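> Okay, so here is coords.txt, and as you'll see once you scroll down, it has compact mmCIF, C-alpha atoms.
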# COMPACT_ATOMS: atom_id res chain seq x y z
CA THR A 1 69.87 50.99 90.71
CA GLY A 2 70.66 51.39 94.44
CA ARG A 3 69.36 55.00 94.73
CA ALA A 4 68.07 56.22 98.06
CA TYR A 5 64.49 57.44 98.58
CA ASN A 6 62.43 59.14 101.36
CA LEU A 7 65.03 61.89 101.99
CA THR A 8 63.62 63.90 104.89
CA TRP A 9 64.95 66.55 107.28
CA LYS A 10 64.73 66.13 111.05
CA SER A 11 65.37 69.41 112.85
CA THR A 12 64.50 70.82 116.29
CA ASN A 13 66.24 73.90 117.76
CA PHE A 14 68.68 73.92 114.77
CA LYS A 15 69.96 70.38 115.56
CA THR A 16 69.63 69.08 111.98
CA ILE A 17 69.78 65.58 110.49
CA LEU A 18 69.02 64.11 107.06
CA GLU A 19 67.44 60.63 106.98
CA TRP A 20 66.64 58.29 104.08
CA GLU A 21 65.98 54.73 102.83
CA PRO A 22 66.76 51.87 102.41
CA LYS A 23 68.93 50.32 105.10
CA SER A 24 71.38 48.24 103.05
CA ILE A 25 74.08 45.57 103.38
CA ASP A 26 74.83 45.91 99.63
CA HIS A 27 75.56 49.68 99.55
CA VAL A 28 77.29 52.59 101.36
CA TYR A 29 76.30 56.28 101.09
CA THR A 30 78.02 59.63 100.62
CA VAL A 31 76.25 62.84 101.66
CA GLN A 32 76.82 66.34 100.19
CA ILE A 33 75.39 69.84 100.91
CA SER A 34 75.20 73.06 98.83
CA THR A 35 73.67 76.54 98.64
CA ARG A 36 73.36 79.14 95.85
CA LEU A 37 76.71 80.48 97.16
CA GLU A 38 78.58 77.15 97.58
CA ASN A 39 79.08 74.01 95.44
CA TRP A 40 78.49 70.40 96.64
CA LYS A 41 80.80 69.43 99.46
CA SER A 42 80.97 65.99 101.13
CA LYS A 43 80.28 65.72 104.87
CA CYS A 44 79.46 62.03 105.44
CA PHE A 45 81.90 59.72 103.56
CA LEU A 46 80.85 56.19 102.58
CA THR A 47 78.60 55.35 105.55
CA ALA A 48 76.27 52.37 106.02
CA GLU A 49 73.98 54.41 108.31
CA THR A 50 70.77 55.97 106.98
CA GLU A 51 71.08 59.40 108.58
CA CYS A 52 73.68 62.21 108.56
CA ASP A 53 74.08 65.07 111.05
CA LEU A 54 74.44 68.34 109.12
CA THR A 55 74.09 70.79 112.00
CA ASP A 56 77.55 72.34 111.61
CA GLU A 57 76.99 73.16 107.97
CA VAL A 58 73.58 74.76 108.32
CA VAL A 59 74.68 77.05 111.19
CA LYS A 60 77.31 78.87 109.10
CA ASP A 61 74.21 80.94 108.21
CA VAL A 62 70.72 79.77 109.20
CA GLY A 63 69.19 82.31 106.78
CA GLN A 64 70.38 80.51 103.61
CA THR A 65 68.45 77.81 101.72
CA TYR A 66 70.27 74.41 101.66
CA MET A 67 70.03 71.17 99.65
CA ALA A 68 71.64 67.81 100.32
CA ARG A 69 72.02 64.67 98.16
CA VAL A 70 72.72 61.02 98.80
CA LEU A 71 75.18 59.23 96.48
CA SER A 72 75.22 55.40 96.54
CA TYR A 73 78.31 53.14 96.08
CA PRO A 74 78.43 49.28 95.97
CA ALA A 75 79.88 47.77 99.19
CA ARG A 76 80.78 44.25 97.97
CA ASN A 77 85.49 46.27 90.94
CA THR A 78 82.75 44.52 88.91
CA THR A 79 83.72 45.84 85.38
CA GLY A 80 86.40 48.07 83.87
CA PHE A 81 83.68 50.59 83.03
CA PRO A 82 82.49 51.75 86.47
CA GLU A 83 79.13 53.51 86.36
CA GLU A 84 78.30 57.00 87.54
CA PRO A 85 77.18 56.97 91.17
CA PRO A 86 73.36 57.11 91.51
CA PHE A 87 72.05 60.12 93.48
CA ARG A 88 68.93 61.54 95.12
CA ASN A 89 68.50 65.26 95.82
CA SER A 90 66.71 66.23 99.01
CA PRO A 91 63.92 68.82 99.37
CA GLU A 92 65.00 72.42 100.06
CA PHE A 93 65.57 73.44 103.71
CA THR A 94 65.73 76.97 105.21
CA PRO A 95 66.86 76.55 108.86
CA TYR A 96 65.31 79.66 110.41
CA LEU A 97 61.84 78.79 109.02
CA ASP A 98 61.87 75.01 108.86
CA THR A 99 63.39 73.91 112.17
CA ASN A 100 60.83 72.82 114.85
CA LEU A 101 60.69 74.71 118.16
CA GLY A 102 61.52 72.39 121.01
CA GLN A 103 59.58 71.77 124.22
CA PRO A 104 60.44 74.61 126.69
CA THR A 105 61.50 74.09 130.32
CA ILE A 106 60.35 75.88 133.45
CA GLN A 107 63.66 76.52 135.15
CA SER A 108 62.05 78.35 138.10
CA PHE A 109 58.78 79.70 139.58
CA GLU A 110 57.32 81.17 142.80
CA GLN A 111 54.28 83.03 144.12
CA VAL A 112 55.09 86.13 146.23
CA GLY A 113 51.65 86.55 147.83
CA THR A 114 49.79 88.10 144.91
CA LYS A 115 52.74 87.78 142.50
CA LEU A 116 53.25 84.60 140.44
CA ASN A 117 56.66 84.53 138.76
CA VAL A 118 57.94 82.00 136.18
CA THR A 119 61.32 81.72 134.46
CA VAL A 120 61.99 79.85 131.23
CA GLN A 121 65.34 78.09 130.84
CA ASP A 122 67.43 79.45 127.91
CA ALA A 123 67.20 77.04 124.96
CA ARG A 124 70.45 76.24 123.13
CA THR A 125 71.69 73.59 120.70
CA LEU A 126 74.87 71.50 120.85
CA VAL A 127 76.73 72.03 117.57
CA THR A 128 80.24 75.67 120.28
CA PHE A 129 76.52 75.87 120.95
CA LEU A 130 73.84 78.03 119.26
CA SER A 131 71.27 79.94 121.38
CA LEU A 132 67.60 80.38 120.35
CA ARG A 133 67.55 83.96 121.58
CA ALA A 134 70.88 84.68 119.83
CA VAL A 135 69.28 83.77 116.52
CA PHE A 136 65.69 85.03 116.84
CA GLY A 137 66.09 88.05 119.12
CA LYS A 138 62.74 89.78 119.54
CA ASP A 139 60.94 87.29 117.24
CA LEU A 140 60.89 84.61 119.98
CA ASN A 141 58.04 84.89 122.48
CA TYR A 142 56.61 82.59 125.18
CA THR A 143 53.01 81.86 126.23
CA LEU A 144 51.99 80.89 129.77
CA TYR A 145 48.95 78.70 130.37
CA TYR A 146 47.54 78.85 133.92
CA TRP A 147 44.56 77.51 135.89
CA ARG A 148 43.77 76.97 139.63
CA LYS A 149 42.94 78.06 131.38
CA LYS A 150 44.06 81.71 131.03
CA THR A 151 47.11 82.82 128.95
CA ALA A 152 49.92 85.36 129.37
CA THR A 153 52.67 86.24 126.83
CA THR A 154 56.19 87.68 126.98
CA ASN A 155 59.03 88.87 124.74
CA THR A 156 61.74 87.74 127.18
CA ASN A 157 62.20 84.60 129.33
CA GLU A 158 60.37 86.01 132.37
CA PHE A 159 56.68 85.89 133.36
CA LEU A 160 55.11 87.92 136.21
CA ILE A 161 51.32 87.91 136.48
CA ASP A 162 48.91 88.53 139.34
CA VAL A 163 47.37 85.77 141.44
CA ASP A 164 45.29 85.64 144.65
CA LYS A 165 47.30 84.37 147.65
CA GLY A 166 46.23 81.11 149.29
CA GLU A 167 45.22 79.92 145.81
CA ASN A 168 47.06 77.12 144.03
CA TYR A 169 48.00 77.51 140.37
CA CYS A 170 49.09 75.09 137.67
CA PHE A 171 50.75 76.35 134.50
CA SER A 172 52.86 75.37 131.50
CA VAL A 173 54.87 77.37 128.92
CA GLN A 174 55.18 77.19 125.15
CA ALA A 175 57.57 78.82 122.62
CA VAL A 176 56.06 80.78 119.69
CA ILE A 177 57.46 82.65 116.68
CA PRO A 178 54.37 84.60 115.43
CA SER A 179 55.96 85.63 112.10
CA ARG A 180 55.89 81.99 110.88
CA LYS A 181 53.11 80.69 108.60
CA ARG A 182 53.40 77.10 109.87
CA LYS A 183 55.42 75.47 112.69
CA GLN A 184 54.47 78.46 114.87
CA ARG A 185 54.41 76.64 118.22
CA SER A 186 56.33 74.07 120.21
CA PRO A 187 54.85 71.34 122.43
CA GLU A 188 53.74 72.60 125.89
CA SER A 189 56.30 71.99 128.62
CA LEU A 190 55.75 69.73 131.66
CA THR A 191 53.20 71.26 134.05
CA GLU A 192 54.17 72.78 137.43
CA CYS A 193 51.80 73.85 140.24
CA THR A 194 52.51 76.27 143.09
Could you write out this file's structure as structure tokens?

Amino acid sequence: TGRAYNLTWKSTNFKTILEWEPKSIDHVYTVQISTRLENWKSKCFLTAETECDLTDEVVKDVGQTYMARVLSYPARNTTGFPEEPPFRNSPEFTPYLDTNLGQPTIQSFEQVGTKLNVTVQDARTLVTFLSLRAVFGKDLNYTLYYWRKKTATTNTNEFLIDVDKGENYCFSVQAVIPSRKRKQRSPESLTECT
């Protein structure tokens, strides 16, 4: 037939890509997206690649549920009765729930005697750009892991806990959206020590 299989979504911080199989020299692929509000619309036209970046379409509204499909077309006019293009529908995808949280980044830190202070860099995504805080608001929290492992939490991008001067601390941060049932946490960031 020529139909694609293994249609899977790859998304982290709203940067979204559809991937599939098989890699072919015999066929090219056309990719379409749709919602319950909008009919199929082509984004990738006759490509030989096996992935398509759909970030700009899903960000129109990250609260909607989307579906994509891969249409296959011969690459190398065989009859005067051309067949209907074979297609494969992808699984459903709801951006705000399904995208993975990306590894955070400690943009700054310092210990003011008995005051340890850490600042998390503001996560964005190259689309304009789309900010994590601009989407999630109060739903996005951060956890701080620290040893000389205890854990602090915050609703903003700033941490300020108490430490004993002279002491040396090591810590790492992690993004968390507690209202999620799965995909609640991101990987821990690189560790930093005072």
> Calculate how many Å separate atom CA of residue 67 of chain A from atom CA of residue 25 of chain A, rounding to one decimal.
26.2 Å
> Would you mind listing what lies within 12 Å of residue 132 of chain A as a list in words, with all atoms listed in the file counted and same-chain residues fewer than 6 positions away left out?
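Near neighbours after the sequence-gap exclusion: residues 12, 13, 14, 15, 62, 96, 99, 100, 101, 102, 104, 121, 122, 123, 124, 125, 126, 138, 139, 140, 141, 156, 157, 175, 176 and 177 of chain A.
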> What is the distance, in Å and to one decimal place, between atom CA of residue 64 of chain A and atom CA of residue 91 of chain A?
14.0 Å
> For residue 159 of chain A, find every residue with an atom within 12 Å (counting only C-alpha atoms), except residues of its own chain fewer than 2 positions away, and show them as a ChimeraX atom specification.
/A:106-111,115-121,141-146,151-157,161-162,171-173
> Write a file of the selected residues as a PDB file, in the frame of the given file, keeping C-alpha atoms.

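Contents of again_20.pdb, freshly written:
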ATOM      1  CA  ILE A 106      60.350  75.880 133.450  1.00  0.00           C
ATOM      2  CA  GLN A 107      63.660  76.520 135.150  1.00  0.00           C
ATOM      3  CA  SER A 108      62.050  78.350 138.100  1.00  0.00           C
ATOM      4  CA  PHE A 109      58.780  79.700 139.580  1.00  0.00           C
ATOM      5  CA  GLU A 110      57.320  81.170 142.800  1.00  0.00           C
ATOM      6  CA  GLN A 111      54.280  83.030 144.120  1.00  0.00           C
ATOM      7  CA  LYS A 115      52.740  87.780 142.500  1.00  0.00           C
ATOM      8  CA  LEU A 116      53.250  84.600 140.440  1.00  0.00           C
ATOM      9  CA  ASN A 117      56.660  84.530 138.760  1.00  0.00           C
ATOM     10  CA  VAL A 118      57.940  82.000 136.180  1.00  0.00           C
ATOM     11  CA  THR A 119      61.320  81.720 134.460  1.00  0.00           C
ATOM     12  CA  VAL A 120      61.990  79.850 131.230  1.00  0.00           C
ATOM     13  CA  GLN A 121      65.340  78.090 130.840  1.00  0.00           C
ATOM     14  CA  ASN A 141      58.040  84.890 122.480  1.00  0.00           C
ATOM     15  CA  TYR A 142      56.610  82.590 125.180  1.00  0.00           C
ATOM     16  CA  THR A 143      53.010  81.860 126.230  1.00  0.00           C
ATOM     17  CA  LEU A 144      51.990  80.890 129.770  1.00  0.00           C
ATOM     18  CA  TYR A 145      48.950  78.700 130.370  1.00  0.00           C
ATOM     19  CA  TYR A 146      47.540  78.850 133.920  1.00  0.00           C
ATOM     20  CA  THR A 151      47.110  82.820 128.950  1.00  0.00           C
ATOM     21  CA  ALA A 152      49.920  85.360 129.370  1.00  0.00           C
ATOM     22  CA  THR A 153      52.670  86.240 126.830  1.00  0.00           C
ATOM     23  CA  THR A 154      56.190  87.680 126.980  1.00  0.00           C
ATOM     24  CA  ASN A 155      59.030  88.870 124.740  1.00  0.00           C
ATOM     25  CA  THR A 156      61.740  87.740 127.180  1.00  0.00           C
ATOM     26  CA  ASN A 157      62.200  84.600 129.330  1.00  0.00           C
ATOM     27  CA  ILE A 161      51.320  87.910 136.480  1.00  0.00           C
ATOM     28  CA  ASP A 162      48.910  88.530 139.340  1.00  0.00           C
ATOM     29  CA  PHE A 171      50.750  76.350 134.500  1.00  0.00           C
ATOM     30  CA  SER A 172      52.860  75.370 131.500  1.00  0.00           C
ATOM     31  CA  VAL A 173      54.870  77.370 128.920  1.00  0.00           C
TER      32      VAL A 173
END
> In Å, rounded to a single decimal, give me how far atom CA of residue 148 of chain A is from atom CA of residue 165 of chain A.
11.5 Å
> Which residue out of A:30, A:17, A:87, A:41 has the minimum interatomic distance to residue 1 of chain A when all atoms listed in the file are used?
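Using all atoms listed in the file, residue 1 of chain A sits closest to A:87.
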> Taking 4 positions as the minimum chain separation for residues in the same chain, which residues sit within 12 Å of segment 5-11 of chain A when counting all atoms listed in the file? Answer as number ranges by chain.
A: 1, 15-23, 31, 50-55, 58, 66-72, 86-102, 125, 183
> I'd like to know which of A:149, A:181, A:36, A:27 is closest to residue 75 of chain A, using only C-alpha atoms.
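So, comparing all the options, the nearest one is A:27.
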> Please give the centre and size of the box around segment 133-141 of chain A (axis-aligned, containing every atom listed in the file, 4 Å added per side), with values in Å to one decimal and written as JSON.

{"center_x": 64.5, "center_y": 86.8, "center_z": 119.5, "size_x": 20.8, "size_y": 14.0, "size_z": 14.0}
> Of the candidates A:164, A:133, A:65, A:170, which shows the shortest atom-to-atom distance to residue 189 of chain A, using only C-alpha atoms?
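So, comparing all the options, the nearest one is A:170.
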> Would you please work out which residue, of A:74, A:184, A:178, A:128, is nearest to residue 56 of chain A when using only C-alpha atoms?
A:128
> Between A:103, A:168, A:79, A:131, which has the minimum distance to residue 186 of chain A (counting only C-alpha atoms)?
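Smallest distance to residue 186 of chain A is found for A:103.
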> Taking (76.5, 53.2, 102.5) in the file's coordinates as the center, which residues reach within 7 Å of it, counting all atoms listed in the file, put as an NGL selection string?
:A and (27-30 or 46-49 or 72-73)
> Taking all atoms listed in the file into account, name the residue in A:193, A:4, A:160, A:59 that is nearest to residue 127 of chain A.
A:59
> Using the structure just given, write a file holding N, CA, C and O atoms for segment 108-123 of chain A, as a tab-separated table (two decimals), in the first residue's frame.

chain	number	residue	atom	x	y	z
A	108	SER	N	20.85	31.63	38.26
A	108	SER	CA	21.61	32.33	39.29
A	108	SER	C	21.37	31.77	40.69
A	108	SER	O	20.33	31.16	40.95
A	109	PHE	N	22.35	31.97	41.58
A	109	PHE	CA	22.29	31.50	42.97
A	109	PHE	C	23.35	32.21	43.80
A	109	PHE	O	24.32	32.74	43.23
A	110	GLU	N	23.15	32.24	45.12
A	110	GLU	CA	24.09	32.85	46.07
A	110	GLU	C	23.62	32.71	47.51
A	110	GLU	O	22.42	32.73	47.80
A	111	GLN	N	24.58	32.54	48.41
A	111	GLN	CA	24.31	32.37	49.84
A	111	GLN	C	24.76	33.61	50.61
A	111	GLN	O	25.96	33.88	50.74
A	112	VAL	N	23.79	34.38	51.10
A	112	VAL	CA	24.01	35.61	51.88
A	112	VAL	C	24.11	35.28	53.38
A	112	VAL	O	23.21	35.61	54.18
A	113	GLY	N	25.18	34.60	53.78
A	113	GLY	CA	25.36	34.24	55.17
A	113	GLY	C	24.48	33.07	55.57
A	113	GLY	O	24.92	31.93	55.55
A	114	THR	N	23.24	33.37	55.96
A	114	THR	CA	22.31	32.32	56.35
A	114	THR	C	21.15	32.26	55.33
A	114	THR	O	20.15	31.57	55.54
A	115	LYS	N	21.32	32.96	54.21
A	115	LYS	CA	20.30	33.01	53.17
A	115	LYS	C	20.70	32.48	51.78
A	115	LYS	O	21.38	33.17	51.00
A	116	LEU	N	20.26	31.27	51.46
A	116	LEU	CA	20.55	30.68	50.15
A	116	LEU	C	19.44	31.14	49.21
A	116	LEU	O	18.25	31.03	49.52
A	117	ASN	N	19.85	31.67	48.06
A	117	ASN	CA	18.93	32.18	47.06
A	117	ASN	C	19.22	31.60	45.66
A	117	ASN	O	20.37	31.61	45.19
A	118	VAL	N	18.17	31.06	45.02
A	118	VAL	CA	18.29	30.46	43.69
A	118	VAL	C	17.23	31.04	42.74
A	118	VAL	O	16.08	31.22	43.11
A	119	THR	N	17.64	31.26	41.50
A	119	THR	CA	16.77	31.81	40.48
A	119	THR	C	16.75	30.93	39.24
A	119	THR	O	17.79	30.65	38.64
A	120	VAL	N	15.54	30.55	38.85
A	120	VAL	CA	15.28	29.70	37.70
A	120	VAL	C	15.07	30.54	36.44
A	120	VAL	O	14.25	31.44	36.43
A	121	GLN	N	15.80	30.21	35.39
A	121	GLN	CA	15.70	30.90	34.11
A	121	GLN	C	14.29	30.69	33.52
A	121	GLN	O	13.74	29.58	33.60
A	122	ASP	N	13.70	31.73	32.94
A	122	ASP	CA	12.36	31.62	32.36
A	122	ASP	C	12.30	30.80	31.06
A	122	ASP	O	12.78	31.22	30.01
A	123	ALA	N	11.66	29.63	31.15
A	123	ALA	CA	11.51	28.74	30.00
A	123	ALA	C	10.57	29.29	28.94
A	123	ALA	O	9.46	29.73	29.26
